[PDB]
Amino acid sequence: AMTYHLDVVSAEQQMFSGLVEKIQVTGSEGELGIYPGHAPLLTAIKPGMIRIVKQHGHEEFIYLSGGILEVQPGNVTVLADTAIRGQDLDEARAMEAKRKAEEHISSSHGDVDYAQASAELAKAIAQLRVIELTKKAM
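Offset between the sequence shown (1-based) and full-length UniProt numbering: plus 1.
Here it is as structure tokens:
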């Protein structure tokens, strides 16, 4: 037994809702997703990109800027707001955002001032990793 059901929706959209084998979430605090035998996590998901291996067929890559998730005895549900797919709409434009974001982090001072924006920058770079992968999945 190694296949479970996971549902992840943001605001008003379906990112992944059905049978799944293993999902890997990469954001910042905890590079873990969900699998058949995960701990009872009832907190907030980390913002970044997530790779989900479908129970059978192919695998998909989703992106979310944060949300709440809950694990159940056989299934797992998660709710977030900013939702994006590896190839949501614009592909090359994802790089423009990074370049424009670099400028904002080029200078500043303080401990949690610009350093906080750094987490926001990496957040936008997470979706750039899934779009590069979709290129080699066709």
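Beta carbons: idealized from backbone N, C-alpha and C, even for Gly.
For this session: Please determine if the segment 3–16 and the segment 78–85 are in contact, where contact requires at least 3 C-beta pairs separated by less than 8 Å.
Result: Taking 8 Å as the limit for Cβ pairs, the verdict is that the segment 78–85 does touch the segment 3–16.
For this session: Could you tell me if the beta carbon of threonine 83 falls within a distance shorter than 7 Å of some heavy atom in the ligand SAH?
Result: The ligand content of the structure shown is nil, which means the ligand SAH is not present either.
Exercise. Counting pairs of Cβ atoms below 8 Å between the segment 95–115 and the segment 37–54, do you hit three or more?
Worked result: Counting C-beta pairs with one atom in each stretch, the segment 95–115 and the segment 37–54 have fewer than three that are closer than 8 Å, which means they do not touch.
Exercise. When you compare only the Cα positions, how much space is there between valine 79 and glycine 68?
Worked result: Here residue 79 corresponds to residue number 78 of the sequence shown, with the count starting at 1. Here residue 68 corresponds to residue number 67 of the sequence shown, with the count starting at 1. Cα to Cα, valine 79 sits roughly 7 Å from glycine 68.
Exercise. From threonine 44 to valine 72, what distance separates their C-alpha atoms?
Worked result: Along the sequence shown, one-based indexing puts residue 44 at 43. Along the sequence shown, one-based indexing puts residue 72 at 71. Their backbone Cα atoms lie some 10 Å apart in a straight line.
For this session: For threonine 4, collect the residues of the same chain with a Cβ closer than 8 Å to its Cβ; drop the 5 residues on either side in sequence, then sort them by chain order.
Result: Walking along the sequence shown from the start, residue 4 turns up at place 3. Closer than 8 Å at Cβ, skipping near neighbours: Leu20, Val21, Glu22, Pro37, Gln56 and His57.
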